[PDB]
Amino acid sequence: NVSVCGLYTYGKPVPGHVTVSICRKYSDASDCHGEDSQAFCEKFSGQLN
Amino acid sequence: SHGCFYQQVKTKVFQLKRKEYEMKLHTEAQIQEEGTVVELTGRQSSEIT
Amino acid sequence: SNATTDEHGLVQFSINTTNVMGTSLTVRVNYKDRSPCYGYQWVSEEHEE
Ligand SMILES: *[C@@H]1O[C@H](CO)[C@@H](O[C@@H]2O[C@H](CO)[C@@H](O[C@@H]3O[C@H](CO)[C@@H](O)[C@H](O)[C@@H]3O)[C@H](O)[C@H]2NC(C)=O)[C@H](O)[C@H]1NC(C)=O
């Protein structure tokens, strides 16, 4: 479970949409190579409650 | 039966990335009212460009 | 003196001539980099020249 919520005053559950994106990017990437760093990526999305 | 089955798959979910590694292809061609399903590994050896 | 692709990829071109016997040529859209950070470079990428 990964709960996410953006509330303008922390007491006001707002509507909208949100996407939690998570990606095995690297252990000790240098990024002078210029290739894309993400190893894995498992994107989940959901409209706000 | 019309024309043929076709398919159109996207390379994004496959993450066509540099350290996203080679692919292999193998098709489960199931047969109706016989059940003796065939599998075939054709085109499988991907092409590391 | 830059140029661009014709319909068929192709290109035709004269080049001025008052020099010594040896001449060695090349053409790019990208530019030359001999810029690896570390001799392993499992990270790697290439464009044909
Ligand atoms: C590089 O390309 C140029 C053309 O853009 C070549 O220039 C040509 O050179 C010859 C020999 O000099 C020229 O013939 C004569 O040049 C003299 C220069 O003072 C002129 O007084 C004469 O009336 C006569 O034109 C020729 O005119 C010239 N090209 C043109 C525009 O006609 C050059 O030869 C090429 N590189 C080399 C040296 O291979």
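- Per the deposited record, determination of this structure is attributed to cryo-EM, with the resolution reported as 4.5 Å.

- By the naming in the PDB entry, chain B goes by Alpha-2-macroglobulin and is assigned to Homo sapiens.

- The name given to chain A in the PDB entry is Alpha-2-macroglobulin, with the source organism recorded as Homo sapiens.

Regarding the overall build of chain B
- Scanning chain B from terminus to terminus reveals 0 helices and 2 strands.
- Dimensions of chain B, computed from C-alpha atoms along their principal axes, come out at roughly 45 × 20 × 15 Å.
- Across the 49 residues of chain B, 4% fall into the buried class.
- As displayed, chain B has an accessible area near 4900 Å², and 56% of this comes from carbon and sulfur atoms.
- Counting 7 positive and 7 negative side-chain charges, chain B places the averaged centre of each group 18 Å from the other.

Some points on the site of the ligand
All names here are of chain C.
- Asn 16, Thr 17 and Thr 18 make up every residue found near the ligand.
- Between an oxygen atom of the ligand and a side-chain N or O atom of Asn 16, the distance comes to 2.3 Å.
- Bound to the protein, the ligand loses 15% of the 710 Å² it would expose on its own.

Details of the state of the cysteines
- Here the structure, examined in full by the defined rule, presents 2 disulfides over all chains.
- Covalently, A:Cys23 is tied to A:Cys41 through a disulfide, its sulfur atoms 2.0 Å apart. Taking the sign of the S-S torsion, 115 degrees for the link of A:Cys23 and A:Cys41, the bridge is right-handed. On the criterion of sequence distance, the pair formed by A:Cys23 in the loop between strand 1 (17–20) and strand 2 (44–47) and A:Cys41 in the loop between strand 1 and strand 2 is long-range, its members being 18 residues apart.
- Since its relative accessible area comes to 24%, A:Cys23 is described here as partly exposed.
- The disulfide partner of A:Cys32 is C:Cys37, and the S-S distance across this bridge is 2.0 Å.
- The partly exposed category is assigned to A:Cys32, whose relative accessible area is 36%.

Points about the interface of chain A and chain B
- With 6 residues of chain A in contact, the opposing surface of chain B contributes 4 residues.
- With both sides pooled, the region where chain A packs onto chain B buries about 500 Å², and carbon together with sulfur makes up 38% of that total.
- Three residues, A:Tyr26, A:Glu35 and A:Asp36, lead the burial of chain A against chain B; their summed loss comes to 62% of the area buried on that side.
- Our enumeration of links across chain A and chain B arrives at 3 salt bridges.
- The partner of B:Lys17 in a salt bridge is A:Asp36, with the nearest N and O atoms 3.2 Å apart.
- Among the residues forming the side of chain A that touches chain B, the class breakdown is 3 nonpolar, 1 polar and 2 charged.

Digging into the pattern of salt bridges
- One pass over the full model with this rule turns up 5 salt bridges over all chains.
- Linking B:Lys19 and A:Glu35 is a salt bridge whose minimum nitrogen-to-oxygen distance equals 2.2 Å. Placement of the pair is B:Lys19 in the segment before strand 1 (27–29) and A:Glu35 in the loop between strand 1 and strand 2, with the two residues belonging to separate chains. Summarising the burial analysis for this pair, B:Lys19 and A:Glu35 share the class buried.
- Taking the shortest distance from any N to any O, the salt bridge between C:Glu49 and C:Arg28 comes out at 3.8 Å.
- Exposure remark for C:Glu49: the relative accessible area of 55% places this residue in the exposed category.
- Each of the salt bridges in this network shares a partner with another, and the network as a whole consists of A:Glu35, B:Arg18 and B:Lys19.

Rules used in this analysis
- Residues numbered from 1 in each chain as written, not as in the entry; some residues may be left out.
- Chains lettered and ligands numbered in written order.
- Part of a larger assembly, values for the part shown.
- Heavy atoms only, no water.
- Helix = DSSP H or I, 4+ residues; strand = E, 2+ residues; numbered from the N terminus.
- Buried < 20%, exposed > 50% of the residue type's maximum accessible area, 1.4 Å probe, protein only.
- Areas by Shrake-Rupley, 256 points an atom, 1.4 Å probe, with all protein chains shown as cover.
- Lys, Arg positive; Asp, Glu negative; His and termini not counted.
- Charge placed at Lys NZ, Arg CZ, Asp CG, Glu CD.
- Near = heavy atom within 4 Å.
- Polar contact = N/O pair within 3.5 Å; in protein donor to acceptor, adjacent residues only side chain to side chain.
- Disulfide = S-S within 2.5 Å.
- Contact = heavy atoms within 4.5 Å.
- Buried area = accessible area lost by both parts, 1.4 Å probe.
- Salt bridge = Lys/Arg side-chain N within 4 Å of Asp/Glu carboxyl O.
- Nonpolar A, V, L, I, M, F, W, Y, C, P; charged D, E, K, R; others polar.

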